[PDB]
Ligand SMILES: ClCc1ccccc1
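Consider the single chain below, provided in structure tokens and representing the form deposited without this ligand.
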């Protein structure tokens, strides 16, 4: 249930999301590209979903991947801005869920982003506490898939 998952975003979780986002969200291009390339490198079996982007091993040099990456960072921006209001967060979550459901992405496959998030956070000196906050957010999308 997306509503019950949404309810798990307590005060403290909300705080850690915001605090960490101030750092990560400040370089959407660099951080968005790092997230995607870490996904591809650690979870080789997902690359086939992204045929439209072309040669993903090109990283920042691939225009489509750069376009994709920036845009994904605005989806995260979106979620962060909706934390005050659960009915609003849920509706945006459901919109992006649709984008993945049509590409045949399951909850389980969607959760493969947790690895890359924890890594990108760690590279910025945000630890397990923060990785765990982010898993709770990703879980809300999971509940929609």
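Positions refer to the first chain, counted from 1.
Quick note: we don't show the form solved in complex with this ligand, though the next part is all about it.
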Practice task
Verify the contact flag for residue 9: yes if a non-hydrogen atom of it lies within 4.5 Å of a non-hydrogen atom of this ligand in the entry with it bound, no if not.
Solution key: no
Problem - Distance check, residue 89 to this ligand in the entry with it bound, heavy atom within 4.5 Å - result: no
Practice task
Indicate whether residue 31 is a 4.5 Å heavy atom neighbour of this ligand in the entry with it bound.
Solution key: yes
Practice task
Would you check, heavy atoms only and a 4.5 Å threshold, whether residue 56 touches this ligand in the entry with it bound?
Solution key: no
Exercise for the section: Taking this ligand as it sits in the entry with it bound, which residues of 116-133 have a non-hydrogen atom within 4.5 Å of it? Please list them. Expected result: 117, 120, 121
